[PDB]
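Asks: Can you read through this structure? Questions will come right after.
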Ligand SMILES: Nc1ncnc2c1ncn2[C@@H]1O[C@H](COP(=O)(O)OP(=O)(O)NP(=O)(O)O)[C@@H](O)[C@H]1O
Ligand SMILES: [Mn+2]
């Protein structure tokens, strides 16, 4: 049966998960016609759309922090979530109530008529509706997957960004950097800045930009940055020097400053520095504890692992103990392989559900590793073992981090 405005959010989620979307027509037409019936295409006068393999969420949160510190009204749509669906929509930096979501979903359901929608299209229309009612200055949309045919690409953005390009998957057709970049570049718009924060950009992105007439601004061509004792960013003759080091990856803060620069939004020095000092996201190199250092990071492909490994380097005797759980879909071998550079002891756990790999399915790739019943036990063991100079890193998937967030109820 169909949920109502007054139904709990869990009943909506249960309903959207059970949609029979296998046969529905591929492409933006369905979701776009629904958005048009409900007038949801312009949720705020200023819209930024952020695509990429890794770094979308922390880029959007840097933009968010800076824009809030400037006194603007801001909404962020993000995905996926760790513990609660309500993570996906922030207004003024904060989550909304379950009831606001149930009411917004009810409007979407009324307005779609007999037009079918997937889970993510439904969720994206609902976020647009929540932002529209909220009288916002800026809306930042994180792309769900790819871009081109992502539900968020029904909105025309004022600036679009690609944070990075890397492989997040295994046995896959046409699955190369060029193909990947091409999909992501479909969020670009004719006459609008297209920010690419990927330093090794595939040509297909320039091809798509040139075809649309977007203005491409690439890292290491139009703008750049480096770490110093803050860090520095440049776009042509504009320089922002001695910046505070944020609790997000530097590359993504840089892409975020590029987005803001080309947006030509007027923003103060103080907003930028305050936003940067406030920016962070749970599960993204999140230090949960010291002596021993406990870090949660949702890294789940080789590109993130490598970043992670470089990060663990610059927080260094002392051993590195990894609590890992991953999904079967992912490049488990590349990821583990990359992490093995700096990981000393392995604690492998299983993830629930169909997609979720077995502890042995993980250990299969590791010279030696201990195996466990659940993520929480693996994690609690690693913490027992930790000397005060050690590092315990929880990683491999959103779900692995979520268990410890939720076992820690943080
Ligand atoms: N520019 C980057 N380069 C390499 N790794 C990155 C980069 N940005 C983020 N990461 C890594 O990817 C993880 C996810 O960062 P995030 O900013 O949440 O990415 P995202 O694209 O939203 N994908 P997801 O985390 O699944 O929502 C981080 O914990 C890091 O492990
Ligand atoms: Mn994300």
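Asks: Just to be sure, is residue 239 surrounded by 16 or more Cβ atoms within 10 Å (Cβ to Cβ), in contact with a strand residue (DSSP E or B) (Cβ under 7 Å, 6 or more places away or on another chain), in the same structural domain as residue 138 (by CATH) and in a strand (DSSP E or B)? Let's see the steps before the verdict.
Replies: Details: surrounded by 16 or more Cβ atoms within 10 Å (Cβ to Cβ): no; in contact with a strand residue (DSSP E or B) (Cβ under 7 Å, 6 or more places away or on another chain): yes; in the same structural domain as residue 138 (by CATH): yes; in a strand (DSSP E or B): yes.
Spelling it out, it is not the case that residue 239 is surrounded by 16 or more Cβ atoms within 10 Å (Cβ to Cβ), in contact with a strand residue (DSSP E or B) (Cβ under 7 Å, 6 or more places away or on another chain), in the same structural domain as residue 138 (by CATH) and in a strand (DSSP E or B).
Table: residues versus (1) closer than 19 Å to residue 8 by Cα; (2) in the same structural domain as residue 19 (by CATH); (3) part of a loop (DSSP other than H, G, I, E, B); (4) away from ligand 2 (no atom under 14 Å from the Cβ).
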{"residue": "71", "(1), (2), (3), (4)": "no, yes, yes, yes"}
{"residue": "79", "(1), (2), (3), (4)": "no, yes, yes, no"}
{"residue": "83", "(1), (2), (3), (4)": "yes, yes, yes, yes"}
{"residue": "86", "(1), (2), (3), (4)": "yes, yes, no, yes"}
{"residue": "99", "(1), (2), (3), (4)": "yes, yes, no, yes"}
{"residue": "105", "(1), (2), (3), (4)": "yes, yes, no, yes"}
{"residue": "115", "(1), (2), (3), (4)": "no, yes, yes, yes"}
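Asks: Just checking, does the stretch 64-75 include any residue being farther than 20 Å from residue 123 by Cα, within 16 Å of ligand 1 (Cβ to nearest atom) and within 15 Å of the chain's Cα centre (by Cα)?
Replies: Looking only at the stretch 64-75, we keep the residues that are farther than 20 Å from residue 123 by Cα, and these are 64-73.
Going one step further and asking which of them are within 16 Å of ligand 1 (Cβ to nearest atom), we end up with 64-66.
With within 15 Å of the chain's Cα centre (by Cα) added as a condition, the list becomes 64.
Taking every residue of the stretch 64-75 in turn, at least one turns out to be farther than 20 Å from residue 123 by Cα, within 16 Å of ligand 1 (Cβ to nearest atom) and within 15 Å of the chain's Cα centre (by Cα).
Asks: Name every residue in the stretch 187-216 that is away from ligand 1 (no atom under 16 Å from the Cβ) and touching a helix residue (DSSP H, G or I) at 6+ places or on another chain (Cβ under 6 Å), in order of residue number. If you could, list the steps in order and put the result at the bottom.
Replies: Start the filter on the stretch 187-216 by keeping residues that are away from ligand 1 (no atom under 16 Å from the Cβ), which leaves 188-194, 203-204, 206-216.
188, 190, 193, 194, 204, 208, 216 - these are the residues of the stretch 187-216 that are away from ligand 1 (no atom under 16 Å from the Cβ) and touching a helix residue (DSSP H, G or I) at 6+ places or on another chain (Cβ under 6 Å).
Asks: Would you point out which residue out of 20, 81 is within 30 Å of residue 307 (Cβ to Cβ) and surrounded by fewer than 16 Cβ atoms within 10 Å (Cβ to Cβ)?
Replies: On the way: 20 fails: within 30 Å of residue 307 (Cβ to Cβ).
Just a single option satisfies the conditions, and that option is 81.
Asks: Same structure again: Condition (residue is part of a loop (DSSP other than H, G, I, E, B), crowded, with 16+ Cβ neighbours inside 10 Å and either within 16 Å of ligand 1 (Cβ to nearest atom) or at positive phi (or both)) applied to the stretch 24-42: is it met by at least one residue?
Replies: Within the stretch 24-42 (the criterion being part of a loop (DSSP other than H, G, I, E, B), crowded, with 16+ Cβ neighbours inside 10 Å and either within 16 Å of ligand 1 (Cβ to nearest atom) or at positive phi (or both)), the answer is no, since none of the residues qualifies.
Asks: Name the residues in the stretch 76-87 that are touching a helix residue (DSSP H, G or I) at 6+ places or on another chain (Cβ under 9 Å) and either within 13 Å of ligand 1 (Cβ to nearest atom) or within 15 Å of residue 266 (Cα to Cα) (or both), would you? Steps first, answer last, please.
Replies: Kept after step one, since they are touching a helix residue (DSSP H, G or I) at 6+ places or on another chain (Cβ under 9 Å), are these residues of the stretch 76-87: 76-86.
Selection gives 76, 77, 78, 79, 80, 81, 82.
Asks: Restricting attention to the stretch 66-78, report how many residues are surrounded by 24 or more Cβ atoms within 10 Å (Cβ to Cβ) and in contact with a strand residue (DSSP E or B) (Cβ under 9 Å, 6 or more places away or on another chain).
Replies: Our first condition is that a residue be surrounded by 24 or more Cβ atoms within 10 Å (Cβ to Cβ); within the stretch 66-78, this holds for 66-67, 74-77.
Next, from what is left, pick out any that are in contact with a strand residue (DSSP E or B) (Cβ under 9 Å, 6 or more places away or on another chain): 67, 74-77.
Here the count works out to 5.
What is reported rests on the model, the rules as stated and the sources as named; these are not laboratory values. With ideal geometry, Cβ positions are generated from the backbone for all residues, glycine too; neighbour counts draw on all protein chains shown.
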